[PDB]
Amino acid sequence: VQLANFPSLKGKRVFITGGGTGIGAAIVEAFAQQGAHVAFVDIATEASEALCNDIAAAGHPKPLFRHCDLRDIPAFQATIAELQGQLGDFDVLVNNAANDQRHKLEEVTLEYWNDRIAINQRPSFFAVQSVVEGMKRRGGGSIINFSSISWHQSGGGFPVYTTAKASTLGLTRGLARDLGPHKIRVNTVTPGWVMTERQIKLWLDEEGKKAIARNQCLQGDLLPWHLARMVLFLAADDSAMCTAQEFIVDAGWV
C-alpha cells in the first residue's frame, strides 16, 4: 500500500500517551516516518525502548520514551515539562492511552472505579493543560482524543470503560470552544475493533470473529495503521479547519 506524506508534519513536536504498544505504537511510528520529533509515555518499558530503537534503525528521528504511570498526575505533568525542555514546545497531542479491562457493575468498588477513571479519563485533561501554553507560543496546535465504538454499540461487560470513552466527546467539545481562539484544534478519533496483539490475546474468540463479520461493512482486519493515518491527517495542515468533531474509523460497524 502507498501511504500519504504530510510535509507539514516534518519537524513538528508530537506528544503521545500510551505510545509503546498497540495503536499508540503505530501512531508513534507513523509520525516518526513523517520526520516529526515524537515523545511518548508508557509503563511498558521493554516494548517502548524496542520501538524507539526500531524506528531509528529504519532511518527516522528516534522518539523520546519516558516511563510514566498516567495515574500519577504530578509525575506525568513533570514528565511533559521535562520533554518540552528537550524537544521544545509541542505542536500535537495524542491522548491515546486507555485500558479496556472488563468488569461487572455489581463487583466494582469505589477504589476500582476511581482507578478506571484515573487510567482512562483523567490523564487526557492534564495532558492538555501541560501542552497548551507551548501550543500558543507555536501559533496553534492539534489535539486528538481517543474514544471507542464501545459506547456507540451499547457494549456490555465494562460500564466504567464505556462511561470514560463517552466522556472524551465532552472533553473534546468543551476544549474546542475554549482553545479555538488560539488556533488549537481538538477532535475525537473513534476506533472500531482494532486487531492489536492485546485484543487478539484477551478478548477475541470465535463468537467475536462472527460479530466482526456480521457488523463490519468491509471484511478483514481493522489495524493500528488505519487509525494512525486518521491521526496524521488531523495533526497535519490538511485538516486546519477541523475541530470539535468525531472521526470514526471502524470499517462500518456503528
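Counting begins at 1, following the sequence as shown.
The mean Cα B-factor in the deposited entry runs higher for 9-17 than for the other of 9-17 and 242-250. Just going by the entry, 106-114 versus 164-172 on mean CA temperature factor gives the higher value to 106-114. As recorded in the PDB entry, 47 shows the highest C-alpha B-factor of the residues 47, 28, 186, 227.
Per the deposited record, 57 carries the highest C-alpha B-factor of all listed residues (223, 57, 39, 36).
For residue 63, the recorded CA B-factor ranks within the middle third of the chain. Only modelled residues enter the ranking. When the modelled residues of the chain are ordered by C-alpha B-factor, residue 157 sits in the highest third. Ranked by C-alpha B-factor against the other modelled residues of its chain, residue 84 falls in the highest third. Per the deposited record, the Cα B-factor of residue 190 falls in the lowest third when ranked against the other modelled residues of its chain. Among the modelled residues of its chain, residue 144 has a C-alpha B-factor that falls in the lowest third according to the deposited record.
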